[PDB]
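Shown next, in structure tokens, is the structure this report addresses.
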């Protein structure tokens, strides 16, 4: 659980350093290693469209394994700027590298929901 | 993670002790605390019917939160002897006590799938 980003109780991360101001630029969002182990082998991923406005705490897509369908819950309100199409196309990549090449989208934030540090999130997950 | 029972890579348990002969009695199945953490607050459970024959590794029911639907994958082949109507009627009970009052059903096993010890299952999930 990289201490270089922030996390949600719903097992996502957003690349705002904990304590930091929300950047004057697009920040990537993804799922945690704990979500990967929860889900199993990923088979389908549905992302918001580039240019859509999402809201913190609202369901804005899904990740899906052979056994589980799980809603993506936006860590931040804002406009979607990029989607990681390599991730959608080869969802096995998300499981390989959830904090790196497996990022799911980037958002330009106007607001953030409840965010946890890596320590707080690790603690919620018995780590 | 109670050391007294067996676990699957899909985040269930079954009350067969490590190295125990597959028993003459019915044994309980349920989900692990890792499963609960991942799912969130549970709002709906679908279990197999009493009298139904299930197959190890086959999807035999479902647990559901507001954000996730997740298939129950049978740890064991066998006949469903009993279901926890209490947990189906009050699924919050499952999050509160996944290894005790939150058990889901009991099965009379004729076979078992891949099972893991408490420690092996802990090691896969970094606990």
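Protein chains in written order, with the deposited numbering: chain A, 6 to 132; chain C, 6 to 132. Ideal Cβ placement from N, Cα and C applies to all residues, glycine included.
Using the beta-carbon of each residue, which ones in chain A are nearer than 8 angstroms to residue i?
i: residue 73 of chain C; result: 73, 74, 75, 76
Counting only beta-carbon atoms, is residue i nearer than 7 angstroms to chain A?
i: residue 47 of chain C; result: no
i: residue 63 of chain C; result: no
Identify the residues that DSSP records as bridge partners of residue i: which are they?
i: residue 75 of chain A; result: A:68, C:73
i: residue 35 of chain A; result: A:18
i: residue 85 of chain A; result: A:112
i: residue 98 of chain A; result: Note: residue 98 of chain A sits in no beta bridge, so no partner.
i: residue 12 of chain A; result: A:18, A:121
i: residue 59 of chain A; result: A:83
i: residue 50 of chain A; result: A:68
Can you list the residues of chain C that residue i reaches, using a CB-CB cut of under 9 angstroms?
i: residue 132 of chain A; result: 130, 131, 132
Establish whether the CB of residue i and some CB of chain C are separated by less than 7 angstroms.
i: residue 79 of chain A; result: no
Whose Cβ in chain A lies nearer than 9 angstroms to the Cβ of residue i?
i: residue 119 of chain C; result: Near residue 119 of chain C there are no residues of chain A at all, since even the closest Cβ is about 13 angstroms away, more than 9 angstroms.
i: residue 42 of chain C; result: 16, 39, 43, 129, 130, 131
How should residue i be labelled, buried or exposed, when 16 other C-beta atoms within 10 angstroms of its C-beta is the threshold for buried?
i: residue 119 of chain C; result: exposed
i: residue 124 of chain C; result: exposed
i: residue 63 of chain A; result: exposed
i: residue 54 of chain C; result: exposed
i: residue 96 of chain A; result: buried
i: residue 46 of chain C; result: exposed
i: residue 9 of chain C; result: exposed
i: residue 59 of chain A; result: buried
i: residue 26 of chain C; result: exposed
i: residue 15 of chain A; result: buried
i: residue 28 of chain C; result: exposed
i: residue 1 of chain C; result: Look at the range of chain C in this structure, 6 to 132, and you will see that residue 1 of chain C is not part of it.
i: residue 48 of chain C; result: exposed
Hey, does residue i have any beta-carbon neighbour from chain B nearer than 7 angstroms?
i: residue 95 of chain C; result: Here chain B cannot be found, since the structure's protein chains are A and C.
Practice prompt. Please name the residues in the region 11-29 of chain A whose beta-carbon is closer than 9 angstroms to at least one beta-carbon of chain C, in chain order.
Written response: Listed in chain order, the positions of the region 11-29 of chain A with a beta carbon within less than 9 angstroms of a beta carbon of chain C are 14, 15, 16.
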